[PDB]
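Only one structure is covered here, and it is reproduced in the block below.
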Amino acid sequence: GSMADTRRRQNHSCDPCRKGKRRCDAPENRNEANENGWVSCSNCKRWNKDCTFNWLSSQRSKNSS
DNA sequence: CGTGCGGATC
DNA sequence: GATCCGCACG
Ligand SMILES: [Zn+2]
Ligand SMILES: [Zn+2]
């Protein structure tokens, strides 16, 4: 496309991952993960951060554009 | 067992 | 703003 052949868009990372600059497991089903019992991707893990895709599911979902 | 950082390209 | 990616140390 344009920037899809270099990186990004593989599984969208956590809040702390975007700010820590790190890819991870917590995918588009991180929620369904908690459902099947998730915990914390490799990031939130090493830094006991906050594996979150919630504020996210409501952060990017809100507002227009 | 945590710790952070430069970049693709819009 | 977003996601991807590794790595070298104690
Ligand atoms: Zn993550
Ligand atoms: Zn996480």
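To be explicit about the labels: the chains of the structure tokens are called A, B, and onward in the order shown, and within each one the residues are counted from 1, while ligands get numbers from 1 in the order they are shown.
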- Message: Select, as a list in words, those residues of chain C with any atom no more than 10 Å from chain A (distances computed using only C-alpha atoms (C1' of nucleotides)).
- Response: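 Every residue of chain C that passes the 10 Å test is in residues 1, 2, 3, 4, 5 and 6 of chain C.
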Go through chain B and flag each residue having an atom no more than 6 Å from chain A; for those, report the closest pair of atoms plus their distance in Å to one decimal, using only C-alpha atoms (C1' of nucleotides), ordered by chain and rising number, as a tab-separated table.
```
residue	atom	partner	partner_atom	distance
B:2	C1'	A:46	CA	5.1
B:8	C1'	A:3	CA	5.4
B:9	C1'	A:3	CA	4.7
```
- Message: I need the residue nearest ligand 2 from this list: A:19, A:31, A:52, A:61. Use only C-alpha atoms and all ligand atoms for the distance.
- Response: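 Under the stated criterion, the closest residue is A:52.
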- Task: May I ask you to write as a PyMOL selection string all residues lying at most 6 Å from ligand 2, with only C-alpha atoms (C1' of nucleotides) and all ligand atoms counted?
- Result: chain A and resi 14+26+40-41+43-44+51
- Message: From a backbone DSSP assignment, name each residue in chain A labelled helix (DSSP H, G or I), as a ChimeraX atom specification.
- Response: /A:15-20,30-35,42-46,54-59
- May I ask for the distance between atom 1 (Zn, counted along the ligand's line) of ligand 1 and CA of residue 49 (chain A), given in Å to one decimal place?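 Result for atom 1 (Zn, counted along the ligand's line) of ligand 1 versus CA of residue 49 (chain A): 8.9 Å, one decimal.
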- Message: What does the structure give for the distance between CA of residue 62 (chain A) and CA of residue 28 (chain A), in Å to one decimal?
- Response: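 Computing it gives 17.0 Å between the two atoms.
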- Message: Taking only C-alpha atoms and all ligand atoms into account, name the residue in A:37, A:29, A:63, A:50 that is nearest to ligand 1.
- Response: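 Under the stated criterion, the closest residue is A:50.
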- Task: Determine, counting only C-alpha atoms (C1' of nucleotides), which protein, DNA and RNA residues have an atom within 12 Å of an atom of residue 9 (chain C); residues of the same chain fewer than 2 positions away are not included. Present the result as an MDAnalysis selection string.
- Result: (chainID B and resid 1:3) or (chainID C and resid 7)
Would you mind exporting the chosen residues as a PDB file, in the first residue's frame, restricted to C-alpha atoms (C1' of nucleotides)?
```
ATOM      1  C1'  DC B   1      13.317  -9.532  35.232  1.00  0.00           C
ATOM      2  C1'  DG B   2      12.705  -5.106  33.957  1.00  0.00           C
ATOM      3  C1'  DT B   3      14.593  -0.958  30.606  1.00  0.00           C
TER       4       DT B   3
ATOM      5  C1'  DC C   7      18.698  -6.333  21.812  1.00  0.00           C
TER       6       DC C   7
END
```
